[PDB]
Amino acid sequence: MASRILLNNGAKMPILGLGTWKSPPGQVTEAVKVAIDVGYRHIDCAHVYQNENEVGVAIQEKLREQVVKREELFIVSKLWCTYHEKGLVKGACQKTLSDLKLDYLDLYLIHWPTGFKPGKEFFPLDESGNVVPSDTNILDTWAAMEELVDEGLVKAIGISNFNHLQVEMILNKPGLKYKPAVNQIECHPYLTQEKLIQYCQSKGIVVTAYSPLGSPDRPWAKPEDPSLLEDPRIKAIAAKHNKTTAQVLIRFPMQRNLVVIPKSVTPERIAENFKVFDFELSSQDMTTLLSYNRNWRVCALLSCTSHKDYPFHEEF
């Protein structure tokens, strides 16, 4: 198991990163500091997570402490849906760089393929509870992302929550300057993403698996929902390998040549989640975990099911 994966831009992306969605501002600074101390070299961030300033504080402390150099870190952020308009992309990227206190990002992603009306609200809703779209399309937003690479503000650009047709739209864009390096998608034993992973890997696009533990802190969770961390079948695989259920869940995507970004703000769990390079799931273990697929999404963006670019009507 190599600890990094080569991207189509020539850079090496660490296969394990720390997620930061739902990491409250007063906890995330310590979380990122613990993560860097433990050995994480990749942090997944987003403007919409509303904590980039605090992530910035942590990165800067560790750089000043000389625990790491900037070139050893791989920092990802994401363009939020209200900034798809071509003329807003650069400003959004610059606000993120300013919050993170960085001169460049390693990877900047279009967070979702759906553009939302610009303004103060992250999720601008109509009276029916559906998001108000922006008059934007994916290809113009991609061209604005490419300008960030030309200016040196970001080393690589990519996408998140794009279906294969939407990726194909970018790959076939007239005058394409840069291919996406990464597609960041939800992926875990209940949503195994076989077809989309096959597709992406066949195009040289690295896949990053989000919500690998099933996002037990997601705010919309319901008691009837499935729970990976409580699944007795996965606990039995963990018990066999003298590991925790979370560690099994993190190792799983690693053996599929995916990047994985488990989130925690608990120092003991940050450390636990990093101890996944000292064991191997068997061929049978992988086949078994893949069989748990149930097409179940944490993140189904249900307020956008009428949006022209909603990604999840397509099979993959």
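Rigid core here is just the name for the largest C-alpha set that superposes within 1.5 Å across the two forms. In this text, residue numbers run from 1 along the sequence as written.
Novice: Report the stretch with the higher root mean square CA deviation, pooled over structures and residues in 4 other deposited structures of this protein, choosing between 192-200 and 216-224 after a rigid core fit.
Specialist: The stretch that sits farther from the shown form in 4 other deposited structures of this protein is 216-224.
Novice: Report the stretch with the higher root mean square CA deviation, pooled over structures and residues in 4 other deposited structures of this protein, choosing between 130-138 and 95-103 after a rigid core fit.
Specialist: More C-alpha displacement in 4 other deposited structures of this protein shows up in 130-138.
Novice: Pick between 211-219 and 242-250: the one whose mean CA B-factor in the entry is higher.
Specialist: Comparing 211-219 with 242-250, the higher mean C-alpha B-factor belongs to 242-250.
Novice: Averaging CA B factors per stretch from the PDB record, which one is higher: 42-50 or 269-277?
Specialist: Per the PDB record, 269-277.
Novice: Name the residue from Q27, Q60, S264, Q66 with the greatest C-alpha temperature factor listed in the entry.
Specialist: Most elevated C-alpha B-factor of the set, per the entry: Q66.
Novice: In the PDB entry, which of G204, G115, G119, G91 has its C-alpha at the highest B-factor?
Specialist: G119 has the highest C-alpha B-factor of those listed.
Novice: Lowest, middle or highest third of the chain for the C-alpha temperature factor of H164?
Specialist: Middle third - that is where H164 ends up once the chain's C-alpha B-factors are sorted.
Novice: Would you check the entry's CA temperature factor for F74 and let me know if it's in the chain's lowest, middle or highest third?
Specialist: Lowest third - that is where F74 ends up once the chain's C-alpha B-factors are sorted.
Novice: Looking at the C-alpha B-factor of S306, is it in the lowest, middle or highest third of its chain?
Specialist: Highest third of the chain for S306's C-alpha B-factor.
Novice: Using the temperature factors of the C-alpha atoms in this entry, rank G158 within its chain: lowest, middle or highest third.
Specialist: CA B-factor rank for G158: lowest third.
Novice: Could you tell me which third, lowest, middle or highest, the C-alpha B-factor of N137 occupies within its chain?
Specialist: Top third by C-alpha B-factor.
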